[PDB]
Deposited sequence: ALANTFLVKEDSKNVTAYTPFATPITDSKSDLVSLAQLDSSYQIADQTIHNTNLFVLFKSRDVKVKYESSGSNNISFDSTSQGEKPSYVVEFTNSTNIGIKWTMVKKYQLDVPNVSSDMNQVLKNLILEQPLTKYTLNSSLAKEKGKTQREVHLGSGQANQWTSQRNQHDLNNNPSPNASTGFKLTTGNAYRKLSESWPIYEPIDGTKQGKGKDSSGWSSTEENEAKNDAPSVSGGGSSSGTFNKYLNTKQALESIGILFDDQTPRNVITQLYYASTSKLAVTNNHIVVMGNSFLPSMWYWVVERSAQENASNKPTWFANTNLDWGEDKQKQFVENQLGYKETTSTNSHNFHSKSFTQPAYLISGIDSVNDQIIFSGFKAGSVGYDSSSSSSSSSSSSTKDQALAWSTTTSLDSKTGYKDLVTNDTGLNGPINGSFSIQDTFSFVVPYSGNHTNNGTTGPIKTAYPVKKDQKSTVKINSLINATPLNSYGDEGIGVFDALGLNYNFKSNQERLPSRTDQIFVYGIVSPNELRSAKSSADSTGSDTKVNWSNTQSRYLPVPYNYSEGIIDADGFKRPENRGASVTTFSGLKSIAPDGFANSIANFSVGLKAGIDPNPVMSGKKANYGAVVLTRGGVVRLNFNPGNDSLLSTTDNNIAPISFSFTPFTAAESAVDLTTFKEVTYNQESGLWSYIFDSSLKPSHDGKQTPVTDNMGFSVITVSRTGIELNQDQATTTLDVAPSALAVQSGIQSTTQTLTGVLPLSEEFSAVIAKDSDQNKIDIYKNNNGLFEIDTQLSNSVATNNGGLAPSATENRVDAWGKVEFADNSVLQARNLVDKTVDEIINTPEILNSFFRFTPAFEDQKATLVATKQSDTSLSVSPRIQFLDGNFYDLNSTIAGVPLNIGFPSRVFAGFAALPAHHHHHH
């Protein structure tokens, strides 16, 4: 309401005016007001139809996972552990100022676990989280057994061409195709009840213990602690990085120096973002850790009700085509009638179990989400004569070279559907990591028929959008998108399991099946979200250096030159999904346009919807890539932005521009080498605008065959020296920045000069000079924030023979009273008008109504939140007008 809510700290939210001044007594400790203890903090907030909705989470929360019995996931009741997250609706109880009062409180309870779910959860293993300091070599993992080794075994090599038909690998030209990566070295994989370490291997191909938590606690932890000690000492850092502070910064909870169990980290990370509709409150995880569930809270929920989350494993998405969904599901694990204790997500008929969510928003009563599919594959946990013992089962699903050029054809290509196929291929003198061809060429799951029942294939979840970490050449090409065909127009061959971006628009009824699925007793109930899609989105290949063509470049040897705050250049990331209604009007009879934008590594993604039926935007040609998704690359200025410092994203309906705010105080205190971080000062603002031909503009634009796009611009609003308080996007032409250059708040005004914001030092000084009041002062002789007003002398009446005219006439003739002053604007097109009041039968007084940086007009009677601004404009009485006509 011409007010800007600024989160001052973890508990307080203050209301600000367009003049970058706080409304007196508006500062509210929303934690105290929500009747929550001091361990709670604001995770997210949103306004919905005049009321504020706040998502709160506690630094004290402790969650337990017990493999035995029912109700497996539970808060640890002993001591201060049962501290669930809450969504609170607040209303403004006053008409003069801000007095927030609590309306509704919603508890976000732990998930229900069905019998089938617990069978997967008992041996579920999750990778340690990726930090700012995780290296490409840290993510690299030892290559697994080849296809020949798994199905045929140790004997000979030449018998492949003859024995492939018996193992259902008809015409497979890849006996030496990797079946996955080893879990005896590398990043730590921990059960829900176990804890991740503060140490990250420098070379995951040699250091780390993977899933061997016994070996970690018995011999390797001592080795990591002496090489990479926490600061107080000064260590070597030859084999490991100590990322404790970088973990604390991404929301990892600790007991002194020890991170709490995986299930607690998952819970606390999962209550990070909210979106509100007329009927629901939806809560999703952060873009740092994979989330396995989300909440759909019915706003009609009775006070003190435990609101249950819905599992992603039970939420079936539309991945574009059924083959795209088949690809993901087949690589989740081994599905066999004969299993015994071999339970995985594919085995128990579940779908994709986790995502790294970019964020959530709502346009109309629809929920919008995006995120990357978290890598999830099967692993062999059997112990003893097993070929794949302690090996994750992952493989490249990149399209073969012979595939037809056309989106549908490229993504439905059967290459790597059931098992491994890609690796290394040399056709005459030209090389490729991808098969050149697709009876038929068969693919089979990497488990041999003999050990069908005597194998234990359980489920793992990776920290990144990568399925396969195996230290080979295809992984780098799949991770960075360097697989192209050798055809006329060179087309990028997509993976269907690595770096898979996901998005959609979810209807109130789809949210209702989700709530029903959360509350389901006994067996699992499934939800179907049908207005969703997926897209292969690799990281830019130019965030890496010195890659080999036709010795290959692998993760363990890949040089990162990434400028966006990550030490790795292989794993994709997204942040700040924000929806926005387009202010540009559509042709009559059509519904107002809307879209959403999200930032990923190396560019901005634009999400397109059809407002007529709140569906994804589409085109009749299946060859054309779904026009619901557009990607636009960043230039060097936007790429330089540390994406891990993302503070908030706002949209302004008047301009149709998204403002992504980055705060450098969000950087961890210390390095992976325990060195203090010195560039923790400043902030940055990226502006996103729509580009391209938009739907329903005219009769030709009722159909689209080209995806509307967006453009991110590191638009000149930034500092390396100031501590940000907040950015106020006043208008397309101006933004106000409140920052501390010491301990005291200062106001800076940035002017948009043909697409580029630059500080206006004279405007900043004018707007900051408010004498402790709510608005900039209006000086008689100065061209300040309110321009400069010069009134005519009383002789103006006798000059233009207005003495014959009555006060009533003059007042009811706008063109006349604008000749009573001269207005000098402070900025171009700043307008002013005079407001007249009859003072007597022969005299009137005039007072200016002047436009501020926000484009609105202000006068003597202007208010913000019902509070009179008392700007202090001059008044002028003119006397000598006729009493009667």
What are the missing stretches of the deposited sequence, listed from start to end? 1-2, 235-238, 391-395, 450-458, 571-581, 917-923
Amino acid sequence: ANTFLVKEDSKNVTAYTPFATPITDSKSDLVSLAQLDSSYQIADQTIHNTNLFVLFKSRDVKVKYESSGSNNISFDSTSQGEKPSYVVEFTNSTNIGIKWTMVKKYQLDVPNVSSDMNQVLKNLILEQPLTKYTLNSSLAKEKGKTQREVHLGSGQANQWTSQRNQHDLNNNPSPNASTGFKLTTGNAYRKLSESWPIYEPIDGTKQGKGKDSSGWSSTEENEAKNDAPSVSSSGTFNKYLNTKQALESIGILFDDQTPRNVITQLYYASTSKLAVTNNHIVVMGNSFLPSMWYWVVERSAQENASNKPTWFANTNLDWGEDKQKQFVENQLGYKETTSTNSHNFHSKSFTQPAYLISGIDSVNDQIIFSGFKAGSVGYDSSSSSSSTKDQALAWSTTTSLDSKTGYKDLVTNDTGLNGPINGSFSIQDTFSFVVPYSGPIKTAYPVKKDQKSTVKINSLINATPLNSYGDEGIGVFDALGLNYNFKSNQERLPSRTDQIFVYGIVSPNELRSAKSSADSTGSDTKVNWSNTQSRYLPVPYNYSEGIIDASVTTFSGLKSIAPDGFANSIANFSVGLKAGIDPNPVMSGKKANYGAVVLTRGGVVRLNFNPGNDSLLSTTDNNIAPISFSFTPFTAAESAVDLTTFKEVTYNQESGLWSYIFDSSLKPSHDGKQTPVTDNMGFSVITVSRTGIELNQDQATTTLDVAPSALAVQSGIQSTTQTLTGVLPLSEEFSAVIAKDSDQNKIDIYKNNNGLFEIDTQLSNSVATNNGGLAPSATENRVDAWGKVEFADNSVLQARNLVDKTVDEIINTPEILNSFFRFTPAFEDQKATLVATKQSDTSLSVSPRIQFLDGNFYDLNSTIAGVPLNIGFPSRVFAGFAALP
From here on, numbers count along this sequence of modelled residues.
Going by the average Cα B-factor in the PDB entry, point out whether 439-447 or 289-297 comes out higher. 439-447
Of 157-165 and 347-355, the stretch with the higher mean C-alpha B-factor in the deposited entry is 157-165
Using the entry's values, work out which of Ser689, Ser544, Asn652, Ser742 has the largest Cα B factor. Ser742
Based on the PDB record, which member of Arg601, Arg512, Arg606, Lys452 exhibits the highest Cα temperature factor? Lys452
Consider only the C-alpha atoms of the modelled residues in this chain, order them by B-factor as the entry records it, and name the third containing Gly144: lowest, middle or highest. highest
Compared with the other modelled residues in the chain, in which third is the CA B-factor of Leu884? highest
Sorting by Cα B-factor within the chain, modelled residues only, which third would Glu66 end up in: lowest, middle or highest? highest
CA B-factor ranking of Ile250, expressed as a third of its chain: lowest
Relative C-alpha B-factor of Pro676, binned into the chain's lowest, middle or highest third: middle
